[PDB]
């Protein structure tokens, strides 16, 4: 149980919603006079007025540094190559770590099983959560999500942030009397590594699994920078709607290392009709659903032409007198 997995569980156990921290972010947004649009500058003004922290734009930082905070002189340097939404995210992260320290500490104190390292990692996680809840204040963002029928591009345009940030925030809308579609958010790379798992409730991939090549999230790299959608059926009959898309980090140069990821958002099929991404698709036809699994070794399907491995709790039929398109019959 490594610390990043420990924090994964910390968030999964709390339905991916932190009521104290989300309320605090929204309260501060409103009390400060914030207005959506160009939050980076207003957050600079807020750090100055409320914390004596001076926010500067630094093209002198090392290439890989997004921000650096000097607590001795209270100076926050932010990378020039970050877009305004990204600058705002960095500034609000530091704002959480400086001005919401005690709240974060008390939230961490509620899971006493946490490893020594897991507590620091959770501090950073709650700081990122605060930044998301501030850039995307709960009520305004929820109403915008409903009005826009969950169009992630349009939400990003309205709030001045990227795709991954929007999907993050969508998977946290579990406030008691104002809930959005319950989502599972995942992040993957070209090799099937799932870097991030967040979920409003229990989904198949909340903690483990997801190495099924028929799952559309892995097809996002085959269709780069375009939204892919799938009506999927798990081996147990439960049906889900999946949207996914690639995200690439600009800059770095032709030679340099590049960041390529795929962000995917899934929900119960019953909710799909509320998404713009359901437009043009029939949702009431179980014949049109794509049968996927969780990874071949833990998948009990018997007629899958794509099986890479045999099912673990399964009987290996070996026939010298037959050959089929169905590996590991």
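Numbering follows the first chain given and starts at 1.
Worksheet item: When the C-alpha temperature factors are averaged for each of 283-291 and 60-68, which stretch ends up with the higher value in the entry?
Response: It is 283-291 that shows the higher mean C-alpha B-factor.
Fill in: Stretch with the higher entry mean CA B-factor, where the candidates are 247-255 and 69-77
The entry gives the higher C-alpha B-factor average to 247-255.
Practice prompt. Compare the CA B factors listed in the entry for 195, 90, 115, 230 and report the winner.
Written response: Highest C-alpha B-factor among the listed residues goes to 115.
Worksheet item: Among 86, 171, 94, 223, which carries the highest Cα B-factor?
Response: Out of 86, 171, 94, 223, the record gives the largest C-alpha B-factor to 223.
Discussion item. Ranking every modelled residue in this chain by its Cα temperature factor as given in the entry, which third contains residue 110?
Written reply: Highest third - that is where residue 110 ends up once the chain's C-alpha B-factors are sorted.
Worksheet item: By its CA B factor, does residue 156 count among the lowest, middle or highest third of the modelled residues in the chain?
Response: Ranked within chain, residue 156 CA B lands in the lowest tercile.
Practice prompt. Please place residue 202 in the lowest, middle or highest third of its chain by C-alpha B factor as given in the entry.
Written response: Its C-alpha B-factor, which the entry lists for residue 202, ranks in the highest third among residues of this chain.
Discussion item. For the chain shown, is the CA B-factor of residue 304 in the lowest, middle or highest third of its modelled residues?
Written reply: Top third by C-alpha B-factor.
Worksheet item: For residue 268, does the deposited CA B-factor place it in the lowest, middle or highest third of the chain?
Response: Middle third - that is where residue 268 ends up once the chain's C-alpha B-factors are sorted.
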